[PDB]
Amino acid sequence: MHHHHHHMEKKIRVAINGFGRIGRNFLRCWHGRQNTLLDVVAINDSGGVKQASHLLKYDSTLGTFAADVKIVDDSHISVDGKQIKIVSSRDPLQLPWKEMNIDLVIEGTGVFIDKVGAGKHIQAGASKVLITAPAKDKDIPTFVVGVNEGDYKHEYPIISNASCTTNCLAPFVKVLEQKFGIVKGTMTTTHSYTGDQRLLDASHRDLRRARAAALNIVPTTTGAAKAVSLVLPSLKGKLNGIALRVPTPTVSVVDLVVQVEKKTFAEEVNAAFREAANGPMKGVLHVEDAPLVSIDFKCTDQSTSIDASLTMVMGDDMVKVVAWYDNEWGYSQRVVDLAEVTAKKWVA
């Protein structure tokens, strides 16, 4: 009944450093949101407007972008008329983030993942950096939306959104820990290949990731099960696992085997997941009842799809859970989500 303006949440100015699989999935995820607090104003692409526009528009995994993608001039593209600056520097110290008034950098290079490296963006003028990967520094806080994003504070200048596998695992591990308690467990992710692997046998520090990715099942170490304890500290020292990279281009599946404290059975485990999916983890955790295969989970927005018919309990307290995740697109929706959290908590 009073004289007032309308509430304005402020949009933060975002730059994407590294316009790779995750950088380009992030842009399409953002562009498809009905409402956003993010204004993407800059992209660092070594190939300039030609490469940025082409690889944004045409995608072997996602299909052709329905949006109108145009080259505006020699340093701008537009997406449905919204212009975005293209910069091209390998050294973040050289990026114009002070001049462009950048609030948040999405670090999707896989290169600047510790405080010194990501901090170069802040030295260059940005206020905050969100690393799309596990941090290389123990003191960089890590967040998984659906698990611990309420512990985010505006006063963290550098943050990590963890790995795709940790974003799959941690929501349903949180449910297991809440309902049944975890003693210890192991995980194997059967994971699509990524650009870190080689197309044909070739140079790599990892002699297994050196091997032809579309021809092989390729074991590789993973920090993702240990990393769950960065977001669920009660799980410190309780989980470990491995990865098997296989000849698919996206979608992965986690197989977790945990010993729980409370004796249970498969229907009760699934009921705990369904309760979470319908409530506090809606949009992050899904329980799938149809008999599907990996490609059915392409471009799904949730972090975790429990394959309900595969849930198994052995000897009362050994619980096996199988969960699908689109390691590109679902993970990128979580990057958008965590960037939106930083916008919501931005301090005046």
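Start at 1 and count along the sequence shown; that's the residue number.
When the two stretches 109 to 117 and 166 to 174 are set side by side, the higher mean Cα temperature factor goes to 109 to 117.
Of the two stretches examined, 130 to 138 and 200 to 208, the record assigns the greater average C-alpha temperature factor to 130 to 138. Among 323, 67, 313, 310, the highest C-alpha B-factor in the deposited entry belongs to 67. The PDB entry assigns the greatest CA B-factor among 102, 225, 257, 218 to 102.
When all modelled residues of the chain are sorted by CA temperature factor, residue 60 is found within the lowest third. Per the PDB record, residue ranking by Cα B-factor puts residue 92 in the highest third of the chain. Placement of the Cα temperature factor of residue 236 within the chain: middle third of the modelled residues, per the deposited record. Among all modelled residues in this chain, the alpha-carbon of residue 290 has a temperature factor (C-alpha) in the middle third. Sort the modelled residues of the chain by CA B factor and residue 14 lands in the highest third.
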